[PDB]
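There is one chain below, alone, in structure tokens, taken in the form deposited in one PDB entry.
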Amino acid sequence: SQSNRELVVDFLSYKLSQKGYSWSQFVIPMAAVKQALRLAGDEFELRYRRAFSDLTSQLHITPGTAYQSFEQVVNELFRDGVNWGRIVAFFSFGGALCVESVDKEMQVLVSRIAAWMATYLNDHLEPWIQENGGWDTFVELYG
């Protein structure tokens, strides 16, 4: 919850920096988890460059968008359940949403998206993560 919050912020900050944007609107194995996640995300966006076009448009985020709408859209990535690659897609998707928000002069949504991701991670993804090795297995797999 606290760790996950930090993890989400780091990945989103990484993505924004990398793409020329500001991250101002915002390490035990943690440092290792963070780096593994940064690498996983880059590899992902490398193979898939569509940038979640339909998912973001299906969501069309504005300052009035509620978590439930975010949650419903994100659920689409997990229609067949959770797996590591889908978790990576989840982070990449949040990253795309932040970029889009900045491109629309709605930089105020980045901290909100981060909060939503942490909530979604703790609620829907940690159960599977903890059952399949925890973030140690993730590092072991993408580190």
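Heads up: residue numbers just count along the shown sequence, starting at 1.
FYI, the form deposited with a partner chain bound isn't displayed, but the following is about it.
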*May I ask you to state whether residue 85 is within 4.5 Å of the partner chain in the bound PDB entry, using heavy atom distances?*
yes
*Does residue 30 make contact with the partner chain in the bound PDB entry, using a 4.5 Å heavy atom cut-off?*
no
*Is there a heavy atom of residue 59 lying 4.5 Å or less from a heavy atom of the partner chain in the bound PDB entry?*
yes
*asked:* Quick check on residue 55: any heavy atom within 4.5 Å of the partner chain in the bound PDB entry?
replied: yes
